[PDB]
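Listed next as structure tokens is one chain, alone, in the form deposited in one PDB entry.
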């Protein structure tokens, strides 16, 4: 049932390895999870991560204002190193959707290199993957 613990609320769940596995890898689940894998710490100087996180934050708060079976989270490289390794990530940022049942599918990784990371675009993707339609407020 773990939903109740899933609230929890700074609009985007800051996850370590333990939290990622508990709330995303471990069953049971009946919710979808969106995860932004990022590297925001200043010594990394990932400008793309900083920009994309600002769009992610717009999307996540747009959900929070009107909306559970969908939650937003992030894994920062320097907080979830084991997680990047598990998922063979050599780069950042990436956005993924983890369905409640089984593994993410090929489309469950957002095509960032093709699309950009506009909030509106991320919401299009989430709707194609979960049928949850988020109307983005303010660009």
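Residue numbers count along the first chain shown, from 1.
Just so it is clear, the following notes concern the form deposited with a partner chain bound, a form of the same protein that is not shown.
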Does residue 77 make contact with its partner chain in the deposited complex, using a 4.5 Å heavy atom cut-off? yes
Contact flag, residue 46 vs its partner chain in the deposited complex, heavy atom cut 4.5 Å: yes
Residue 83 within 4.5 Å of its partner chain in the deposited complex, heavy atoms: no
With a 4.5 Å heavy atom cut-off, would you call residue 90 a contact of its partner chain in the deposited complex? yes
Given 38 to 46, 22 to 30, 57 to 65, 97 to 105, the stretch touching its partner chain in the deposited complex at heavy atoms within 4.5 Å is 38 to 46
